[PDB]
């Protein structure tokens, strides 16, 4: 019921995320991540630190964050444009089931939730995702968590991009 107290499941291996690509966010907190597709990328061959990268794609705009594993099943995201760091966790993951992939992740401002991202590739049918969203919405600031896919731009022949 406070953000610091939410579940922290192990971060799955990178290949599980790459196999899930692409995902879309069904629920988010700030309207930044509305109408958004997530793609995970392995580190560049010549990258010395070997950090993987999350791509958050909204139409023709992309947000990029390198990420590396931290303590307490955290990931630390490095905004590629800004240099800003955030500590993220998974509330749960459920990748590459026979009904597809879902997960919900979050980052905190102490006991409040600063950002929330629930991703899937199965149109929101995972029963885990339903229960996770209910829990998150009761954490302080969680009232802003909303369905992210309601009035999105029309497509021009691509399924996952517009």
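Numbering follows the first chain given and starts at 1.
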query	finding
Which of 130 to 138 and 33 to 41 has higher mean CA B factor, as the PDB entry lists it	130 to 138
Selected stretch [higher average CA B-factor]: 10 to 18 or 147 to 155	147 to 155
Deposited CA B-factor, highest of 51, 105, 95, 108	108
Top residue by Cα temperature factor, when 57, 113, 119, 46 are compared in the entry	113
Chain-wide C-alpha B factor ranking for residue 125, given as lowest, middle or highest third	middle
B-factor third for the C-alpha atom of residue 63 within its chain	lowest
